[PDB]
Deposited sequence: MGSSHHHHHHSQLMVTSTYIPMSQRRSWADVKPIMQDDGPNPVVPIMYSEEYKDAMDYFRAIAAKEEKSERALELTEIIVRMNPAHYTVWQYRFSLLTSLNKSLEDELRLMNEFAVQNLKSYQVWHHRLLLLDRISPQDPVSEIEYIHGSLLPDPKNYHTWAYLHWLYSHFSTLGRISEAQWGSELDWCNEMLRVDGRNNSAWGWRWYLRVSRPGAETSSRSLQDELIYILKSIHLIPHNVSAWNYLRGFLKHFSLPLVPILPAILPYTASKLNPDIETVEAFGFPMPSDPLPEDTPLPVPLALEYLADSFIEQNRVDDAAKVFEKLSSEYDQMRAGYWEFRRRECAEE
């Protein structure tokens, strides 16, 4: 059976403090005895601002029961730094948390704080940890955001080598090979190739990028991720749509389309969007209007209103 904390010798000097949401609170939660007891003693610990091993243990007890308790996580990090605890041990514990299914805004943020404070000369092993944690959960938003932070933070300190950037791109290419519809990995490619301050932009660089984008579209013509990336790419580098049009035209009816792969019904609405936009680039507003009208009335009827708006813009 559970032993209450009022009965533990290690906690005898502490007077627990009850939760104070007044009388008759709304949205009350039915708490386990274990959670109530831990929190009663946490309220006492936190009120007296005790920074101790027992307080550290208590915060672990609590966040295991409730991984989203941001106050307790905040108190846990204060304890780690006051007590000058091994932050590497704490990262291992955060790993052990992962093996036991515990996750949140808070667990990843704690990890970030740990990495920031440890400030390793080479963050490679955390990079590898992050990669491993994504394989079973490839679109985990906070994990992708954490990866962006890690590279961005450690690069500002000059700690990301060219070999490291290179292998990161290799890993990203593999993510997109396994699932070309993984928009999170397309986002990461964008950081690696376009937005990060150290990224290379030469005529060859733009060439290579265009080849990769076009090959991706040709592999999966209906993949919205690849189209958005194409459009993002052209816009960002002020490149005309027209010279690439031959590679897109067959989807409306440098690497060119395959006979098209099976299960590729035409037209691809985003190919038509590309065609309409290219007409606008050419000042051919009536031709663009016509394409928008077809998008509206026939080929992408869910957005009938938006495509009509685009049509009216022309006329």
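If you line the structure up with the deposited chain, the stretches without a C-alpha atom are 1 to 17, 271 to 284, 290, 348 to 349.
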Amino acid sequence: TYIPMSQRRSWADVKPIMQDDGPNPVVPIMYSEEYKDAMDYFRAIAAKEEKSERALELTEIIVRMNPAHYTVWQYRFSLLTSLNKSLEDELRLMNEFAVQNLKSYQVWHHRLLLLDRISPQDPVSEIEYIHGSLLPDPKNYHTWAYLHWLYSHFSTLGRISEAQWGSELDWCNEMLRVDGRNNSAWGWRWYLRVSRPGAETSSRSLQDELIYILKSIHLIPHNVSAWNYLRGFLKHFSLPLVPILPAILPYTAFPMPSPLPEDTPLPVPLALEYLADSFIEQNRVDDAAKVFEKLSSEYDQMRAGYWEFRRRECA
From here on, numbers count along this sequence of modelled residues.
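Of the two segments, 102 to 110 and 136 to 144, the one listed with the higher mean B-factor is 102 to 110 (C-alpha atoms only).
Legend: mean Cα B-factor per stretch from the PDB entry, 222 to 230 versus 240 to 248; the higher mean is in 240 to 248. Of the candidates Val63, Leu270, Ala46, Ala253, the PDB record gives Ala253 the highest C-alpha temperature factor.
Across the options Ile280, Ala38, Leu56, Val26, the residue with the most elevated CA B-factor in the record is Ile280. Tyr299 sits in the middle third of its chain by CA B factor, as recorded in the PDB entry. In the deposited entry, the Cα temperature factor of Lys51 places it in the middle third of its chain's modelled residues. Ranked by C-alpha B-factor against the other modelled residues of its chain, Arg204 falls in the highest third. The entry lists a Cα temperature factor for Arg177 that places it in the middle third of the chain's modelled residues. Split the chain's modelled residues into thirds by C-alpha temperature factor. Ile213 is in the middle one.
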